[PDB]
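Next up: a single chain in structure tokens, the form deposited in one PDB entry.
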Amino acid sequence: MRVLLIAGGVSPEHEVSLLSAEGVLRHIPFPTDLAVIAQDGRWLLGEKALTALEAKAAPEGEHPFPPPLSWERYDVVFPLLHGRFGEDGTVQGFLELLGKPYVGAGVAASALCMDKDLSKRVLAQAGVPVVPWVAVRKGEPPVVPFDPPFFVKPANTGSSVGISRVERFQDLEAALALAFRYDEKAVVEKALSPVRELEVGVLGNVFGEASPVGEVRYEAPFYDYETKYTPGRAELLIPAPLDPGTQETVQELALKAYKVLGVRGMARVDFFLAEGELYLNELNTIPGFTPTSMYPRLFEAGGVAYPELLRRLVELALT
């Protein structure tokens, strides 16, 4: 058995991806090789991939896509790329054409879960509660269906990149410009405040099993990039201090969304809890995978050790 782990990527989450790879590479219970996609899109293989991992960032790569990799040597490919060109169905599509089994969601589910506009449309249709929002296209005059404050974001982003809180309409233009640096489509959501952030892990193909629910607490105005990756800045409460009904509703909604979207392998489902009301914020098909990341910790609290979690992910990819 041999697994190919791909990390890095051209998205803003390149460094976060390499961090996830470090954690996975240390506990994955299978012979595994690492391939790195540099920020310039060129791949780094073998020892150069390991050298990049140790550097924590690979600006330049050697091989133009597609890389001269002996794909036949791998039983499963574990795409550990976060964000566009990795978690959005693009890499998945390549793997489908290659006929290679891989970890995580397929093309449709990956593309849909990454889009903060379309995912909300599908979930709402299924009766899942979501935050009021509207999509805005670059070059299209914005007409927000509700008053501020808002959270403006690239429709496809991660690690809070390109996201900002907007208090007045006159500040919307600049917030959208920032979002458009990352995507041609942005979303403007009604800002919930105060808000509690709950996250739950799901494991399995389509019909999943839920981990305990966790909660994120911090002092910053919102769960931004520095708060997300600065160890100890955020507080992860596992399990989250929720009453039984709310805990169960979070887990049930997560499994429902997971099934409707047809997610395979895994997903960390994040929610907002405000004034006793729950909202499914987003599903993450390739959640941060450091041993300390939320998804791994969640399942650890659920009796599934890090090595065992990775084993199951690989096995699910083969069924």
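The first residue of the shown sequence is 1; numbering continues from there. Between two forms, the rigid core is defined as the largest C-alpha subset superposing within 1.5 Å.
Just so it is clear, the following notes concern the form deposited in another entry, a form of the same protein that is not shown.
Superposing the rigid core between the shown form and the other one leaves a single residue from 75, 140, 96, 209 with a C-alpha shift of at least 2 Å: 140. Once both forms are overlaid on the rigid core, the distance between the two CA positions of residue 106 between the shown form and the other one is under 2 angstroms.
Put the two forms on the same core and the Cα of residue 149 is off by 2 Å or more between the shown form and the other one. In a rigid-core overlay of the protein, residue 241 has its C-alpha displaced by under 2 Å between the shown form and the other one.
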